[PDB]
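# Per-entry structural report
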Amino acid sequence: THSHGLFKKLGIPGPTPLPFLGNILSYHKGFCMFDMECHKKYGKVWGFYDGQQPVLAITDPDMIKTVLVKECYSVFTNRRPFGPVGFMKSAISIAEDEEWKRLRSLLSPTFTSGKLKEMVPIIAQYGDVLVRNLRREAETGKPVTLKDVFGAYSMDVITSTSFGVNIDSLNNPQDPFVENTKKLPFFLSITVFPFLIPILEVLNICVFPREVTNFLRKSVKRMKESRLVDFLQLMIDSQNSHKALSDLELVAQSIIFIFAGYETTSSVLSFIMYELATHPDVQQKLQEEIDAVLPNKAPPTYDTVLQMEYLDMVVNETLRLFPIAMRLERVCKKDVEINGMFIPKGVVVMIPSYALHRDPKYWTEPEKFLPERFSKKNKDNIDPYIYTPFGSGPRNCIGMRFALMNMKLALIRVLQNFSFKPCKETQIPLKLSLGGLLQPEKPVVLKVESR
Ligand code: HEM
Ligand SMILES: CC(C)(C)OC(=O)N[C@@H](CS[C@@H](Cc1ccccc1)C(=O)NCCc1cccnc1)Cc1ccccc1
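As deposited, the entry is annotated with X-ray crystallography as its determination method and 2.800 Å as its resolution.

This is the structure:
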């Protein structure tokens, strides 16, 4: 301190930082609105201070390719550290440098196309659970909360896909597993006082309720020693040129996949149904393609799902509006120059996906929901270093192919059977949480009707 001179030195524009807070008071209207502003106010690059922490925002497609890909293993290997985490330093989204490069390898073959295809039947089962719970609310002409019934499903999928556990978490009951995964303002006080993290690290306060982890650490070694098709198996099988996956390293990834596939796959499905409801022609047009490919509500398979192109367009276009991650970020680990610009050591290099997904200089009518942007006719003109809902380069979303497949299966079954209509209590237009997650302000609630 005071590092508050750095962007002024480098000749990089940005909002003036108050002392000890930097520009955080600017987060009051959400990250996303702060970025769209800085984008319009400052141009292709700009800088700011999460407290003392210089952040440099970059928007050039080459520069972005340079960072996420060309210079990844060398400079931009790790994300910004948050804490305290404790035994979850070892998880892959969190681990650093070579310990990450190791973990990526041991868990890469798990997410192969082939391995995903064998997951299709188990993921097909709980689609049926989802419909039945839906009809129980469709026959009772009462509006529905989507995050609940979708979460009940996303949860249903994770537990089976990662450990084989088989529950109907919605109704079926207080089953021992639905609950420790229920614990599925502290993160703002980290930023003004990140010098407090190692304090908490010697205090073993886990941002994970310290008890859940104790449940799954022990719940894992029960399953481990009961068997001795799912992720736990695919990981136990891996630990049988890199030291093998340890037992706690195994518990920690299981956790990272449950946070991954749960309030992401649940949230996105919600965002997709909202758009399908407020846009009934797209709903019908998709229900058609679904019925032409799967006549008679024929069960989808892995191959039929990669055959629905409109489906893919609705998914991509939605994730254009709602890129759950909002920003991507990497820590610059060394003095570097990229595409003719000095970047000094320690700076956090941030890419604002949300404000690029909503940039008029790359998107005509960017607030509108137009799936045609992703027709095979126009999908080619889309700069891949602007549309990045799963990241890019070696450190992108390892669970990309599974999430897409997981979500697409849900929609197919559900649009085969119901249509979705606004209620008077629907929030139109939907407004994003002014907070710090990509969720709707108010929960998405609609009317479900049976075909
Ligand atoms: C629609 C759902 C999802 C979206 C939009 C999404 C998007 C992302 C993004 C943007 C990142 C960071 C990429 C980067 O920094 O370049 C990421 C990372 C990650 N995702 Fe996903 N993700 C989704 C679901 C999942 C799922 C279902 C899994 C399944 C286990 C998963 C596992 C991971 C992991 C482990 C990382 C960290 C990668 C690493 O550091 O090596 N994600 N995801
Ligand atoms: C801070 C550093 C650089 C050391 O670690 C990260 O920043 N990592 C993430 C931090 S939040 C965290 C939620 C959590 C809650 C409780 C325990 C662990 C984690 C996550 O690890 N979630 C991955 C699954 C997932 C979620 C969404 C999409 N894909 C996978 C942010 C992030 C992850 C992943 C993508 C973008 C940001």
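As a structural note, the neighbourhood of ligand 2 is formed by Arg-79, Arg-80, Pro-81, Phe-82, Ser-93, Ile-94, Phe-208, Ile-256, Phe-259, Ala-260 and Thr-264. Isolated, ligand 2 exposes 730 Å² of accessible area, and the fraction of that covered by the protein chains is 71%. The residue makeup of the shell around ligand 2, split by class, is seven nonpolar, two polar and two charged.

Further remarks concern the packing of helix 17 (residues 309-321) against helix 19 (residues 400-415). Two numbers describe how helix 17 lies on helix 19: the axes approach to 11 Å, and their chain directions differ by 115°. In this structure, helix 17 crosses over helix 19, and the sense of that crossing is right-handed. Here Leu-311, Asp-312 and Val-315 of helix 17 lie close against helix 19, whose contacting residues are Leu-404, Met-407, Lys-408, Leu-411 and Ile-412. Residue composition of the contact of helix 17 with helix 19, by class: six nonpolar, no polar and two charged.

Time to look at the UniProt feature "binding site: heme" in the protein chain. Look at the UniProt record and you will see "binding site: heme" annotated at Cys-397. With respect to the secondary-structure elements, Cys-397 resides in the loop between helix 18 (353-357) and helix 19. Judged by relative accessible area, which is 31%, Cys-397 ranks as partly exposed.

Glancing now at the pairing of strand 4 (residues 327-331). The two faces of a sheet get side chains in turn, since along a regular strand they alternate between them. Summarising burial for strand 4: five of the five residues are buried, a large majority. Alternating positions in strand 4 separate into two faces, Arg-327, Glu-329 and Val-331 on one and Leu-328 and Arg-330 on the other, with burial throughout.

Among protein residues, the single donor to the iron atom of ligand 1 is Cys-397 (SG), with a metal-donor distance of 2.4 Å. Relative to the metal, the six donor atoms surrounding the iron atom of ligand 1 lie at angles of 80 to 174°, and the coordination shape comes out octahedral.

Turning our eyes to something else, we now look at the pattern of salt bridges. Taken as a whole and judged by the stated rule, the model has 18 salt bridges. A salt bridge links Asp-291 to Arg-451; the nearest nitrogen and oxygen atoms lie 2.5 Å apart. Separated by 160 residues along the polypeptide, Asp-291 in helix 15 (residues 280-293) and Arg-451 in the segment after strand 9 (445-450) bring together distant segments of the chain. Of the residues examined, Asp-291 reaches a relative accessible area of 25% and is grouped as partly exposed. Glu-317 is the salt-bridge partner of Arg-320, the closest N and O atoms lying 2.6 Å from each other. Of this pair, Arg-320 and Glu-317 are both found in helix 17, three residues apart, which corresponds to roughly one turn of the helix. There is no split in this pair, since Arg-320 and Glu-317 are both buried. Via salt bridges that share partners, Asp-35, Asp-50, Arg-80, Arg-327 and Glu-329 belong to a single interconnected network.

With that settled, consider the nonpolar core. Membership of the largest hydrophobic core comes to 128 residues, with the highest contact counts inside it found for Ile-58 and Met-88. Looking at this core element by element, the count peaks at 10 residues for helix 19. What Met-88 contacts, discounting residues up to four positions off in sequence, is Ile-94, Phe-208, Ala-252, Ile-255 and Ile-256.

Below, the discussion takes up the site of ligand 1. Near ligand 1 there are 27 residues, and of these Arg-79, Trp-100, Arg-330, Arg-395 and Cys-397 occur at the shortest range. Between ligand 1 and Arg-330, the relevant distance is 2.6 Å, taken from an oxygen atom to a side-chain nitrogen or oxygen of the residue. The set of elements that each furnish at least two residues to the shell around ligand 1 consists of helix 4 (97-107), helix 13 (247-263), strand 4 and helix 19. Looking at which element gives the most residues to the shell around ligand 1, the answer is helix 13, with four residues.

Reading the values: the criteria
Residues numbered from 1 in each chain as written, not as in the entry; some residues may be left out. Chains lettered and ligands numbered in written order. Heavy atoms only, no water. Near = heavy atom within 4 Å. Areas by Shrake-Rupley, 256 points an atom, 1.4 Å probe, with all protein chains shown as cover. Nonpolar A, V, L, I, M, F, W, Y, C, P; charged D, E, K, R; others polar. Axes fitted to C-alpha atoms, helices over the stretch in contact; angles between N-to-C directions. Helix = DSSP H or I, 4+ residues; strand = E, 2+ residues; numbered from the N terminus. Left-handed = near helix turned anticlockwise from the far one by under 90°. Contact = heavy atoms within 4.5 Å. UniProt positions renumbered as here; feature names shortened; annotations may be inferred. Buried < 20%, exposed > 50% of the residue type's maximum accessible area, 1.4 Å probe, protein only. Donors = N, O, S within 2.8 Å, 3.2 Å for Na, K, Ca; no water. Tetrahedral: all angles 85-135°; square planar, octahedral: opposite > 155°, others 65-115°. Salt bridge = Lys/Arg side-chain N within 4 Å of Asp/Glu carboxyl O. Core = buried A, V, L, I, M, F, W, Y, C linked by side-chain atoms within 4.5 Å. Polar contact = N/O pair within 3.5 Å; in protein donor to acceptor, adjacent residues only side chain to side chain.

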